[PDB]
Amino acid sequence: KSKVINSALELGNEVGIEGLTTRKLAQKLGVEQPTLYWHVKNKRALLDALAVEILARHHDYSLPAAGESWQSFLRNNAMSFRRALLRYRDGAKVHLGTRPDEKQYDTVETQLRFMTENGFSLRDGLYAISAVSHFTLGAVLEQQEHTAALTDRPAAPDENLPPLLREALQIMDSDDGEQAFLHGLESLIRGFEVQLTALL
């Protein structure tokens, strides 16, 4: 199962999530398709394993530092999650709809516990963490897909742009989406603060 992930990751960056086929993986592994099907129950199982391995390799801020604020942790954790998702073609797509793996239980429990220790209810701490995750996934996928489309997509017409949209597009072309992402992350954290403060 170790080398299979490594080959599948290499294949996935070369052909994308859609092109990560049984035929093509079995070819890369040097084996008959029936053998690949035997040990890897299906594509969804493979994708699940890739989602875990991508965070294992590249998500380096999964735990709070000693004495770190929850605000700081959420920000650093989100930036790390983003960096991990961006490392591979369709990395964010691979993650979508997964649930924590057994190897991640201690990590995600620590995050949940950290929120409750800071005074969030489990439900609200979960919803905050979920909001950060969903926002980050959406921001990453929009960025990755926009970049991927540049080749196929006609230069969009500017002769009839209204003023604010015209300015907005200029702002968005000024970087890769990172500024927007950091601003949204801060909006979320400011929101969680308001909410937490009221309840306590």
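The first residue of the shown sequence is 1; numbering continues from there.
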property	result
Residue range whose averaged C-alpha B-factor is higher in the record, 75-83 or 99-107	99-107
Average Cα temperature factor in the PDB entry - higher stretch of 165-173, 130-138	165-173
Identity of residue with top Cα B-factor, from 60, 53, 32, 68	32
Chain-relative CA temperature factor third for residue 179	middle
